[PDB]
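Results of the structural survey
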Amino acid sequence: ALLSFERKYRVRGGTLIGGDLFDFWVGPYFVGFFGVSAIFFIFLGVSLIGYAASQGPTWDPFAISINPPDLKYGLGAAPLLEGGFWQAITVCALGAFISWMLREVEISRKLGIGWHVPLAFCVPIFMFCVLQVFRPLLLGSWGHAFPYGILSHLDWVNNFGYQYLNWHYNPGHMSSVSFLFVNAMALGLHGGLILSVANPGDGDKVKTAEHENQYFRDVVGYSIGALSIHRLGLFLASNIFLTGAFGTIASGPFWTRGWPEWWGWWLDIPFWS
Amino acid sequence: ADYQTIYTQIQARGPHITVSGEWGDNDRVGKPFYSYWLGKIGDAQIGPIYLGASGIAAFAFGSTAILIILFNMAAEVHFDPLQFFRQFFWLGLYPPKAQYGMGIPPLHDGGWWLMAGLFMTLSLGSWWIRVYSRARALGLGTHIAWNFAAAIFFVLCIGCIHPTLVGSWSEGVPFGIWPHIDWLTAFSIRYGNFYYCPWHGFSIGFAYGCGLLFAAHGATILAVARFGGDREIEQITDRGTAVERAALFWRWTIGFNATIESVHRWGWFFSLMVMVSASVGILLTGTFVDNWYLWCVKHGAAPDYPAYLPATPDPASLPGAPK
Amino acid sequence: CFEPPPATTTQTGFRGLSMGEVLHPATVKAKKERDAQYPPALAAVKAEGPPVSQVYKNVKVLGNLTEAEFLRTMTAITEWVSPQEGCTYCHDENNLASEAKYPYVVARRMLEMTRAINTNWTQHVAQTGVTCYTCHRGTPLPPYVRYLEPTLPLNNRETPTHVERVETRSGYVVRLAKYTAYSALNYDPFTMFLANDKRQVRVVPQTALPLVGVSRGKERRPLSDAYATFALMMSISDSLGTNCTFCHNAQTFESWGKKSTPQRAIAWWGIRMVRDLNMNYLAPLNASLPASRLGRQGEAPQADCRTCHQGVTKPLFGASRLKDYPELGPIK
Amino acid sequence: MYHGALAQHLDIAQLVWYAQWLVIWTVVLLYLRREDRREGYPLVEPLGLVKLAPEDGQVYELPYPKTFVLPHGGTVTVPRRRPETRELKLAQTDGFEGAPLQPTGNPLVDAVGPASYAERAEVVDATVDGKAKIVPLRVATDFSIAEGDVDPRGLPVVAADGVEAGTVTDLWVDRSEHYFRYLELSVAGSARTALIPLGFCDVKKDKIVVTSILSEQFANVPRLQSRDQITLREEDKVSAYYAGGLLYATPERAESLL
Ligand code: BCB
Ligand code: BCB
Ligand code: BCB
Ligand SMILES: C/C=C1/c2cc3[nH]c4c(c3C)C(=O)[C@H](C(=O)OC)c4c3nc(cc4[nH]c(cc(n2)[C@@H]1C)c(C(C)=O)c4C)[C@@H](C)[C@@H]3CCC(=O)OC/C=C(\C)CCC[C@H](C)CCC[C@@H](C)CCCC(C)C
Ligand SMILES: C/C=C1/c2cc3[nH]c4c(c3C)C(=O)[C@H](C(=O)OC)c4c3nc(cc4[nH]c(cc(n2)[C@@H]1C)c(C(C)=O)c4C)[C@@H](C)[C@@H]3CCC(=O)OC/C=C(\C)CCC[C@H](C)CCC[C@H](C)CCCC(C)C
Ligand SMILES: CC(C)=CCC/C(C)=C/CC/C(C)=C/CC/C(C)=C/CC/C(C)=C/CC/C(C)=C/CC/C(C)=C/CC1=C(C)C(=O)c2ccccc2C1=O
Ligand code: HEM
Ligand code: HEM
Ligand code: HEM
Ligand code: HEM
Ligand SMILES: CC(C)=CCC/C(C)=C/C=C/C(C)=C/C=C/C(C)=C/C=C\C=C(C)\C=C\C=C(/C)CC/C=C(\C)CCCC(C)C
Ligand SMILES: CCNc1nc(Cl)nc(N[C@@](C)(C#N)CC)n1
Ligand SMILES: CCCCCCCCCCCC[N+](C)(C)[O-]
Ligand SMILES: CCCCCCCCCCCC[N+](C)(C)[O-]
Ligand SMILES: [Fe+2]
């Protein structure tokens, strides 16, 4: 039930709210107040999903879609089957995510370690808000949000993109993609390197911190360091959405033309026109 | 608050370190030098750097490729300098616009592109050799060279192998900033929408996942930096409270947990798989699947919706419709 | 380089597909005001007596009009095409039957073309119809036209920079980009698609799997076609001042039925209509134009979607004079 | 006829979808999920009064052991059975295994909850060339503080309770990574030094502020056995001590944050 080393850590305390009342574990899972709210919402959200999805035609998982209302309902409450479900499921989603997040804080507190993971987790929640709440508010209808369906949310991404002719030239998107791609490369680099040191092959000795530094000084002329490559990755990953959020938000509220034309600001400097 | 996880409150200077490799220690060129500001959020020493043969090779092929592209790009603005600097993004070196099948294109219609293609390829190879050798020289495993190979192979897929498989060079990736981006849409449109390609989905899944994983891993390490969690090598060989606390964070949150070595495996694998899934997705495209939406439709996958504006018949199919 | 909210948005698709228009009010309103300059219809005259076929000497097209109507038409024409220049832009000051000046005979062809559009391209122009004003906008040379190579500025009422001038080779990539909504697509949709009916717009295949025998080597259309078709569609978009979801559900560009809007069938007709006008009316006019008029390959200026639409999904926001001047068709 | 078409409604890309899934669950469940179990397995539990089997699934979920050959000698094999022998000053607050434990003494010195350390080697972490790795600058003489930063030697250390608790005497540096990791201070009113990991230090120009523990609680900061040397397991004891300050420095700290 308990890892070899677990018991010495399972002490009361660290709660954000509730104190002793829910301060306990079920199996491996810590519960705590937010574990309890988390579950409440998950159960709600998932229930609406099933009740809504039953009203629809399909039960094929790829095809099921719970979508938002028509643009006409604006920012108001929409009939259940015509966006009502979607508005409710969205509220359960936020409840779930934020509970998940606050719950991580209580676990962090209890182990006397920094709260960096719940913080890092704020970014994805943020970007979910930019897509489903902030941008719909700025544009004035919940209808602009994305549908809850494995495939359908892609058809939304697809159209949203082509509304602006070529979404690729969106300077926010460009920056966003660039972090997605480095982050991925660096996770490969950082994992490969740690394994390369601890797993030299045949029967050779596990190597050293000094090696790590040498390999990257040799290969690319700079090694960032053990502590720092974790501070970089948290940064690279986080800026996928933190910069992306700008390209998403600008689209409609601040720019209504194709994105290629935005580059007019450069191409059209009269000096070289 | 742990300010060390943000930046280095007091920086240490001390004599430059060298770890000797099974060879080439004489090829480390340059004098180490030290940046204070860099020191704030990283190691302060920049350089030295191994030269080496496969390195010099890679630099030389890489540069050849760059000159072929840049010359062809300069031809486009008719060697006008300012218009060059102005239009640079839009400038490109394209594959054959015409269908030569697999026939070597004329220089003016893709000949030059295949040239640069070949040289960049050699550049990539000589670099793989360097990435692989330095590990072996320093007595390390080659996990990095193996993650890299997957990335090179992806490129070989989109630049060569898929063109070869369907039998046309016109399908390759042009060199240029906007031009390589334009290709993405062209390739998706010809193939019936890459959203409906199951491997584009796996790829993205892992790409997002790397974001998920590097943010959770990075932060987890900063969050136990207090207990020296960053000395990951010795936390492997001799588990300490850094990674016992790291593990219980994750066990208590999601119910299962990695070890401080295994997590890097999960990462390596996730990073690898972005490039592996992408390649399979390309190897199947054009060869065996022509319209990914219809393939999906053929198999029951695709969503479908009520009309909102009236369903619009193909005019072209109409009784008496022109051509 | 940004545009302050609110944005005007519409829905062209089932809810949750993010399909529809996205308009910045100030621009729409600036276009409204420009298109507002459409002179009103001249007052209706009573048809008295003799078809000008009897009355006048050299009347070929509008011959069944009684005089009063005929001179109403001539005034309207003057008001649309050559307001600054007045009747003598086309007529001999002292002989109105004279074909001495080319605008006369070009105008004659343009009465036929105009009546063709209204009579025969109903599936595009419907009951709105075009008049000369639709293209000419009060000048003899219409503001947006296309030569057999991209030119700049798109509005030919503006003065070219050196680079913009067709002669300046360095300016090519820009002349081309600016025609394809700033993309770097290295193709000209106009001469590929609109100048004639040589090329096929559809590139996407209509079976899940590659049909054996059109799917390898020189059997295949080259990827460059897909670029071109993207190039053309970027151009149409910019021409109508709208985006792909005006016509397509991007889920499947290639599918019709529920996957396309009404406007895509209308668009499909418009491409065909434009080819007719280019092949059969406009391109031949190089026979009759001053060299001052012609492109570097001796081509007459011709038409695209911009020539009528000028940035609006319906030209002049759907303003019509079809019922006011039926000389121009639909001709029974 | 179609490229890819295998049979009735069967085609290449579709079989490859099934292979791709398989390859993923194989690697994930049968490899990665077992690499994760090199540490901490098998799970510990209460004891059964009568039990006799090498419980089947405890075998199946483990990888085969791997051995690391260490750079300055010896080896380490994982997984391996690594039970916590040390006695724990914690008391069950309720019955069920869900229930949290409570310290029965001073958990800071007891070393429980946030104050726990791992049973690391009692060995001095070494550089690549054999030397002691984390050593005071008194010893690490070719090292220095970068011009521009605070030299804390001389500065007062001020504890959670605002009370000056000692005086920074030295910094210890990581010679492998050229990176400071603890400060040494002369504890006030005691004849002892304490190290404090640089993460528990807010480093001002004129004082070093430490918020994990009250000035009182430095007295019992873990002691080293050498003065210019520190073991992997000592590092853990030192580090855990202040870390446990955070939940335990005062009675209100463990209670509901708001
Ligand atoms: C034709 C349209 C296109 C398009 C349209 C598009 C749009 C419309 C947007 C992007 C955006 C983005 N795109 Mg683009 N895109 C991208 C890459 C990217 C991303 C980096 C970026 C942000 C993604 C995001 O919002 O995640 C969202 C992730 C979320 C919301 C995570 C939520 C997680 C939540 C916190 C927790 C969820 C918990 C689960 C419910 C739990 C399940 C329980 C189980 C697991 C137990 C690439 C690499 C490419 C390439 C190579 O072609 C590309 C092409 C294109 N994009 C097309 C051109 N793209 C976004 C952007 O940032 O650009 C500015 C954006 O808005
Ligand atoms: C702006 C752009 C968007 C975008 C663009 C995007 C693209 C373009 C693609 C996906 C893909 C996927 N997306 Mg989408 N996405 C998803 C979830 C998903 C999965 C169905 C799939 C793989 C995700 C993954 O592996 O990531 C990494 C996460 C990992 C490894 C941990 C496991 C998480 C788990 C796989 C998620 C499964 C959750 C359930 C499907 C959702 C229901 C849960 C509830 C009901 C119990 C969620 C839950 C959200 C939310 C909460 O915001 C989201 C937002 C968005 N997606 C944005 C709207 N996403 C890919 C796909 O194949 O879709 C068909 C793909 O092609
Ligand atoms: C409208 C067009 C679409 C499109 C078209 C598209 C295509 C055509 C392809 C992808 C592919 C991929 N897309 Mg998709 N896409 C993606 C994300 C992704 C990636 C996961 C993956 C590309 C893999 C990669 O890392 O390349 C970046 C990594 C690279 C290029 C590796 C570089 C390796 C190399 C060794 C480094 C070079 C070294 C040197 C610097 C070279 C310099 C030397 C000099 C001499 C030249 C997202 C997240 C979204 C969203 C959010 O909507 C999206 C939408 C869409 N995609 C649209 C539907 N997508 C690929 C794929 O996975 O399909 C199966 C693919 O082929
Ligand atoms: C830039 C940084 C990033 C980042 C970072 C981090 N990410 C984290 C952490 C960090 C640091 C954690 O600490 C936390 C975690 O614990 O890790 C294990 C977490 C997690 N990241 C998950 C998914 C994930 N991260 C994505 C992206 C990024 N992550 C980006 C890349 C994506 C993408 C890209 O698609 C996905 C889908 C979950 C597994 C997990 C939340 C579990 C949850 O919340 O449980 C509580 C909620 C549930 C179990 C279900 C609730 C169901 C609702 C009510 C009903 C469904 C709602 C509906 C909206 C769904 C529509 C589906 C439709 C579109 C098809
Ligand atoms: C899922 C995993 C992924 C992943 C993985 C990995 N990625 C790796 C590795 C791994 C693991 C390596 O080990 C290897 C490396 O070593 O890293 C440290 C590498 C690399 N990934 C690079 C770029 C990158 N990765 C991308 C993507 C992904 N990566 C995906 C996501 C992308 C994307 C995002 O598009 C980009 C652009 C380079 C930095 C690097 C190769 C350089 C090269 O191959 O050299 C080729 C050689 C040259 C370019 C020489 C020419 C250069 C000069 C300066 C030009 C001078 C011109 C002048 C005229 C000359 C004058 C001369 C004078 C004397 C007169
Ligand atoms: C049962 C019940 C009703 C309970 C009440 C209590 C309660 C609230 C229970 C929760 C119930 C629920 C809803 C559980 C589901 C939890 C979730 C959301 C699980 C998601 C699992 C996924 C998909 C993770 C994706 C990322 C991924 C592939 C991770 C695998 C690799 C791991 C384990 C990463 C975590 C990890 C990281 C990031 C480290 O860096 C690290 C460093 C050193 C040691 C260990 C680790 C480590 O474990
Ligand atoms: C401006 C108000 C104006 C006048 C006046 C005018 C008159 C006019 C007449 C009387 C005729 C008939 C002469 C005859 O017997 O042949 C006639 C015929 C045509 N016109 Fe005209 N016209 C005025 C202006 C213009 C303008 C501005 C143009 C050229 C753009 C133009 C052209 C023509 C043409 C062509 C004909 C032939 C009519 C036909 O049915 O063939 N006119 N005009
Ligand atoms: C409507 C009945 C109509 C008239 C009248 C008209 C006249 C006209 C003239 C006088 C010219 C020659 C101008 C010159 O100086 O060269 C001319 C040329 C073009 N037109 Fe026209 N035109 C009428 C109608 C239409 C319509 C509906 C359109 C657009 C679809 C159109 C377009 C053009 C174009 C293109 C040319 C050739 C380029 C040029 O000579 O400037 N016209 N028109
Ligand atoms: C917006 C930039 C946009 C894109 C992208 C786009 C693409 C596209 C493709 C790929 C085709 C090919 C279809 C096939 O291969 O079967 C295609 C065809 C047509 N389109 Fe389109 N399209 C975009 C925008 C627009 C707009 C704004 C409209 C409607 C005004 C439109 C219309 C059409 C029509 C009509 C066709 C068919 C051409 C023919 O049959 O000759 N598209 N589109
Ligand atoms: C060029 C190939 C081209 C395109 C593309 C195009 C599209 C288009 C659409 C989508 C509509 C209908 C919009 C709606 O119903 O909301 C439409 C309508 C009209 N067009 Fe057009 N059109 C193209 C070309 C041309 C040209 C060259 C002309 C003028 C000679 C022209 C004219 C019109 C007219 C008139 C209408 C309006 C119909 C109405 O209901 O008001 N178009 N076009
Ligand atoms: C059968 C035969 C003969 C050969 C086999 C085929 C072969 C191996 C061919 C290979 C084809 C391949 C590898 C093609 C791949 C193409 C791809 C993937 C291209 C991808 C991206 C291209 C990009 C972004 C190009 C950008 C280029 C540049 C920006 C040029 C760089 C410019 C500078 C260094 C100077 C900047 C100048 C500025 C200051 C004005
Ligand atoms: C101790 C590990 N050092 C280390 N690790 C990694 Cl993954 N990268 C680097 N350096 C760069 C330049 C590369 N490649 C990325 C910043 N140094
Ligand atoms: C195909 C890529 C280019 C091949 C030529 C590159 C030069 C080879 C240098 C290898 C040097 C050998 N070493 C030390 C790495 O084993
Ligand atoms: C989209 C790419 C596929 C993502 C792969 C996700 C792997 C998650 C592994 C969790 C399995 C956990 N457990 C306990 C069941 O083993
Ligand atoms: Fe790590």
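Residues numbered from 1 in each chain as written, not as in the entry; some residues may be left out. Chains lettered and ligands numbered in written order. Heavy atoms only, no water. Residues with missing side-chain atoms left out of burial classes, pairs and counts.

Per the deposition metadata, X-ray crystallography was the technique used to determine this entry, at a resolution of 2.65 Å.

**Focus: the overall build of chain D**
Heads up, the rule is: Numbered from the N terminus, helices here are DSSP runs of H or I no shorter than four residues, and strands are runs of E no shorter than two. Every radius of gyration here is taken over C-alpha atoms, with the globule rule written as 2.2 Å times N^0.38, N being the number of residues. It only takes one pair of heavy atoms within 4.5 Å for two residues to be counted as in contact. Working definition of accessibility: Shrake-Rupley area with a 1.4 Å probe, residue cover restricted to the visible protein chains. Only four residue types enter the charge count: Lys and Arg as positive, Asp and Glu as negative, with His and the chain ends excluded. Taken as the charge location is NZ of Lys, CZ of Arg, CG of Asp or CD of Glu.
Of the regular secondary structure elements, chain D holds four helices and 14 strands. Since a compact globule built from 258 residues should have a radius of gyration of about 18 Å, the 26 Å found for chain D marks it as more spread out than a globular shape. Counting only C-alpha atoms, chain D reaches 85 × 55 × 45 Å along its principal axes. Pairs at least 24 residues apart make up 56% of the contacts formed inside chain D by residues separated by at least 6 positions. Accessible surface computed for chain D: about 12,900 Å², of which carbon and sulfur atoms make up 56%. A gap of 4 Å separates the mean positions of the 27 positive and 36 negative side-chain charges of chain D.

**Description of the UniProt feature "transmembrane region" in chain D**
The following threshold applies: UniProt positions are given in the numbering used here, feature names are shortened, and annotations may be inferred rather than shown by experiment.
Sequence positions flagged by UniProt for "transmembrane region" are, in local numbering, residues 12-30 of chain D. In this annotation, residues 12-30 of chain D is assigned 100% helix and 0% strand; the end-to-end C-alpha distance for the span is 26 Å.

**Concerning the site of ligand 14**
We count it as follows: Any residue with at least one heavy atom within 4 Å of a molecule or strand is counted as near it.
Close to ligand 14 lie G205, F206, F256 and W266 of chain B together with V28, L29 and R33 of chain D, which account for all nearby residues. Chains contributing residues to the immediate surroundings of ligand 14 are chains B and D. For ligand 14, whose accessible area on its own is 490 Å², the fraction buried by protein is 62%. Mapped by element, the contributors of at least two residues to the shell around ligand 14 are α7 (198-223) of chain B together with α1 (12-35) of chain D. Among the elements that take part in the shell around ligand 14, α1 of chain D stands out by supplying three residues, more than any other.

**With respect to the interface of chain A and chain C**
Going by this rule: Two parts placed together each lose some accessible area; with a 1.4 Å probe, that loss summed over both constitutes the buried area. Any carboxyl oxygen of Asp or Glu that lies within 4 Å of a side-chain nitrogen of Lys or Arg is treated as forming a salt bridge with it. In protein, a polar contact requires one atom able to donate a hydrogen and another able to accept it; more generally it is a pair of N or O atoms within 3.5 Å, and residues adjacent in sequence count only if both atoms are side-chain atoms.
The partner chain C presents 42 residues to the 40 residues of chain A that form the contact. For the chain A and chain C pair, buried surface summed over both sides reaches about 3,400 Å², with 56% attributable to carbon and sulfur atoms. Of all residues in chain A, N159, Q163 and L165 of chain A give up the largest surface area on contact with chain C, accounting jointly for 19% of the area buried on that side. In this assembly, chain A and chain C are joined by two salt bridges. Residue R257 of chain A is joined to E3 of chain C by a salt bridge in which the shortest nitrogen-to-oxygen separation is 2.9 Å. Summed over the shared surface of chain A and chain C, the result is 21 residue pairs in polar contact.

**Digging into the interface of chain B and chain A**
Taken together, the contact between chain B and chain A spans 96 residues of the former and 94 residues of the latter. Interface area for chain B against chain A, summed over the two sides, is near 8,500 Å², with a carbon-plus-sulfur share of 66%. Linking chain B to chain A there are five salt bridges. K8 of chain A serves as the salt-bridge partner of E244 of chain B, at 3.3 Å between the closest nitrogen and oxygen.

**Notes on the pairing of strand β10 (residues 164-174) of chain D**
All names here are of chain D. Quick note on the threshold: With a 1.4 Å probe rolled over the protein chains alone, any residue whose accessible area is under 20% of its type maximum counts as buried; one over 50% counts as exposed, and the rest are partly exposed. For two strands to count as paired, DSSP must find a minimum of two bridges between them.
Among the 11 residues in β10, eight count as buried, and that is most of the element. With three bridges connecting them, strand β7 (residues 134-136) and β10 associate as antiparallel partners. Note on β10: the bridge partner recorded for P136 is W172. Inspection of the sheet shows strand β9 (residues 156-158) paired to β10 by three bridges, in the antiparallel sense. When the bridges of β10 are listed, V158 appears paired with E164. Hairpin connection between β9 and β10: a loop of five residues separates the two successive antiparallel strands, and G162 in this loop has a positive phi of roughly 70 degrees.

**Digging into the pattern of salt bridges**
The final tally for this structure, using the stated rule, is 54 salt bridges over all chains. Between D20 of chain A and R12 of chain A there is a salt bridge, and its shortest N-O distance comes to 2.9 Å. Residue classification places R12 of chain A among the buried positions, given a relative accessible area of 12%. With its nearest N and O atoms 4.0 Å apart, the salt bridge here joins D238 of chain B to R82 of chain D. Residue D238 of chain B is located in the loop between α8 (232-237) and α9 (241-254), and its partner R82 of chain D is located in the loop between β4 (75-78) and β5 (90-92); the two belong to separate chains. Of the two residues, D238 of chain B and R82 of chain D, neither departs from the other in class, the shared state being buried.

**Focus on the environment of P160 of chain C**
With respect to the helices, strands and loops of the structure, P160 of chain C is situated in the loop between α6 (132-136) and α7 (172-177). The residues contacting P160 of chain C, other than those within four sequence positions of it, are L152, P153 and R165 of chain C.

**A closer look at the UniProt feature "binding site: a ubiquinone" in chain A**
When the UniProt feature table is mapped to this numbering, "binding site: a ubiquinone" covers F216 of chain A. Since its relative accessible area comes to 15%, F216 of chain A is described here as buried. When neighbours within four sequence positions are excluded, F216 of chain A is seen to be in contact with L189, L193, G221, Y222 and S223 of chain A together with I144 of chain B.

**Some remarks on the coordination of the magnesium atom of ligand 1**
Put simply, the rule reads: Distances up to 2.8 Å from the metal define which N, O and S atoms are donors, and 3.2 Å serves for Na, K and Ca; water is absent from the atom set, so sites may look incomplete.
From the protein, the magnesium atom of ligand 1 takes a single donor atom, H173 of chain A (NE2), 2.1 Å away. With respect to the helices and strands, the residue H173 of chain A is situated in helix α6 (residues 171-198).

**Side note on the coordination of the iron atom of ligand 7**
Residue and element names in this part refer to chain C. Looking at the iron atom of ligand 7, the protein donor atoms are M74 (SD) and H91 (NE2), and they sit 1.9 to 2.2 Å from it. Look at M74 and you get partly exposed, because its relative accessible area is 22%. Exposure remark for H91: the relative accessible area of 15% places this residue in the buried category.

**Considering the packing of aromatic side chains**
Condition: Stacked, edge-to-face and tilted are the three classes for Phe, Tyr and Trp ring pairs, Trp counted by its six-membered ring, which pair at centre distances within 6.5 Å; planes under 30 degrees apart are stacked, over 60 edge-to-face, the rest tilted. We call a charge positioned above a ring when the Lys NZ or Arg CZ atom is no farther than 6 Å from the ring centre and deviates by at most 35 degrees from the ring normal.
The final tally for this structure, using the stated rule, is 69 aromatic pairs over all chains. Relative to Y18 of chain D, the ring of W17 of chain D has its centre 5.6 Å away and its plane inclined at 70 degrees; by these criteria the two rings are edge-to-face. Overall, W17 of chain D belongs to the partly exposed group, its relative accessible area being 26%. Under the relative-accessibility criterion, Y18 of chain D is labelled partly exposed at 46%. Above the ring of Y38 of chain C, the side-chain terminus of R321 of chain C is found at 4.0 Å from the ring centroid. In this structure, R86 of chain D packs its charged tip against the face of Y117 of chain D, placed 5.0 Å from the ring centre.

**Comments concerning the nonpolar core**
Going by this rule: Here, the term nonpolar core denotes a set of buried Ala, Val, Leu, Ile, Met, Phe, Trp, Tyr and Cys residues that are joined through side-chain atoms within 4.5 Å.
Formed by 242 residues in total, the largest nonpolar core has its most connected members in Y215 of chain A, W292 of chain B together with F180, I208, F218 and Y242 of chain D. No other element matches α7 of chain B, which puts 13 residues into this core. In contact with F180 of chain D, other than residues within four places in its own chain, are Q4, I10, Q11 and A12 of chain B together with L137, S144, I145, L171, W172, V173 and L198 of chain D. In this structure, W121, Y281, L282 and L285 of chain C belong to the second largest nonpolar core, which totals 20 residues.

**Regarding a nonpolar patch on the surface**
As a reminder of what qualifies: Patch definition: residues above 30% relative accessible area lacking any salt bridge, with like charges linked at up to 9 Å and the nonpolar side chains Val, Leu, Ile, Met, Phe, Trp and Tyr linked at up to 5 Å.
Nonpolar side chains collect at one region of the surface, where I17 and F33 of chain A together with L257 and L258 of chain D lie side by side and expose about 370 Å² of accessible area between them. Mapped onto the secondary structure, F33 of chain A falls in helix α1 (residues 32-55). Judged by its relative accessible area of 32%, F33 of chain A is partly exposed.

**Quick word on helix α4 (residues 122-139) of chain A**
Residue and element names in this part refer to chain A. Under the convention used in this document: To estimate how far a helix should reach, multiply one less than its number of residues by 1.5 Å. Consider a residue and the seven residues that end there alongside the seven that start there; fitting an axis to each set, the bend is the angle between those axes.
Look at α4: 24 Å from first C-alpha to last across 18 residues, which is about the 26 Å you get at 1.5 Å a residue. The sharpest bend along α4 comes to roughly 45 degrees, located at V130. Looking one or two residues beyond α4, the residue adopting positive phi is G140, at roughly 85 degrees.

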